[PDB]
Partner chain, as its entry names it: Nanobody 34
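In structure tokens, the next block holds one chain alone, the form deposited without its partner chain.
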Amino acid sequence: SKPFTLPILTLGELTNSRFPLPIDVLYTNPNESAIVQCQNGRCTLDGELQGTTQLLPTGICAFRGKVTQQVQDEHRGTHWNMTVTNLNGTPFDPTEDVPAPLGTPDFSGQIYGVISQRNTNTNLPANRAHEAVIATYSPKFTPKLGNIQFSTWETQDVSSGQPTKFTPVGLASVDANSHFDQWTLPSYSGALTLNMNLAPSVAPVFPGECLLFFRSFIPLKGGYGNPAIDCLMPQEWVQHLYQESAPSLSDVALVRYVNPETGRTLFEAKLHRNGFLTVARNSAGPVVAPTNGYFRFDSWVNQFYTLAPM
């Protein structure tokens, strides 16, 4: 039985699995009323990728496809309809058992980034890039049907029928009108259609426990705010578990957050088979820990195991 392991990486050596950001802090929020059911950064302890999760850090919240039409906004800006493929360029097959093309954003909001194009025809091809926003709550956001819309400040210089890349950067806004909610899933096929093939929701099952997140702060194009994106496991953990595919010997692994210099354990956590952490903590906010700390697998336990309080 191949022994289960986690990579040896400090917080400062980890990246977010839900947006291309470094991990900034560990974080808890016990009183969260929302169902936590993100679709990126989802992987079982035995290496099964779930939801829209793929392996490339460059694939998270990315799109590839071709623009088909320009449609002007009523008040300001320009919108562009885009047909999307798989990130590897192959046609996206809606009959595959995934919620949407892998890498598709898994939250409601205005995602800010850059649309770039390199033409097919030519001796060297023409190029252009512009800032763009994808409103994942929009009726036009239908990646499961193979089509989305992005908007630009640029009024004209986006070409139809040419290879197009979306590189995510941050959020456009977190104002009331911008509908940012990291735990609200997009309707991958539009508002009247149910999402399908979803990674399951995650929650503590044992009183006094709460979810433990790897938190990153996400840039803003404008406005006031300090928005964050919380993932269940960093991208490096997804990559590691996928590689190893070690058999899960129970439904709950016990892990210890250790300071390697002292060798002391700072706290312990349950790492659940479905790929998420819980701790015994009754407060919200960042976990204050030495920069050299990392998680080390200790042993397999069960749902009834009582964690040492934080």
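Positions refer to the first chain, counted from 1. Note that the rigid core is defined as the largest set of C-alphas that superpose within 1.5 Å between two forms.
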Counting only residues that lack coordinates, how big is the gap in the deposited sequence between residue 122 and residue 123? Pick none, 1 to 3, 4 to 9 or 10 or more. 4 to 9
Which wins on mean Cα temperature factor, 57-65 or 241-249? 241-249
On mean Cα temperature factor in this entry, is 48-56 or 32-40 the higher one? 32-40
Using the temperature factors in the entry, find which of 114, 84, 176, 218 has the highest value at its Cα atom. 176
Is residue 79 in the lowest, middle or highest third of its chain when residues are ranked by C-alpha B-factor? middle
If you rank every modelled residue in this chain by C-alpha B factor, which third holds residue 294: lowest, middle or highest? highest
Would you check the entry's CA temperature factor for residue 205 and let me know if it's in the chain's lowest, middle or highest third? highest
By the record's CA B-factor, is residue 191 among the lowest, middle or highest third of residues in the chain? highest
Classify residue 21 as lowest, middle or highest third according to the C-alpha B-factor given in the PDB entry, relative to its own chain. lowest
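As for the form solved in complex with its partner chain, it is not shown, yet the points below apply to it.
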Can any non-hydrogen atom of residue 179 be found within 4.5 angstroms of its partner chain in the deposited complex? yes
Taking the shortest heavy atom distance, is residue 98 within 4.5 Å of its partner chain in the deposited complex? yes
Considering non-hydrogen atoms and a 4.5 Å limit, does its partner chain approach residue 50 in the deposited complex? yes
So, in the deposited complex, is residue 243 in contact with its partner chain at a 4.5 angstroms heavy atom limit? yes
Mind listing which residues of 122-148 have a heavy atom within 4.5 Å of its partner chain in the deposited complex? none
Where among 88, 226, 72, 177 does the Cα move by 2 Å or more between this form and the one not shown after the core is superposed? 72
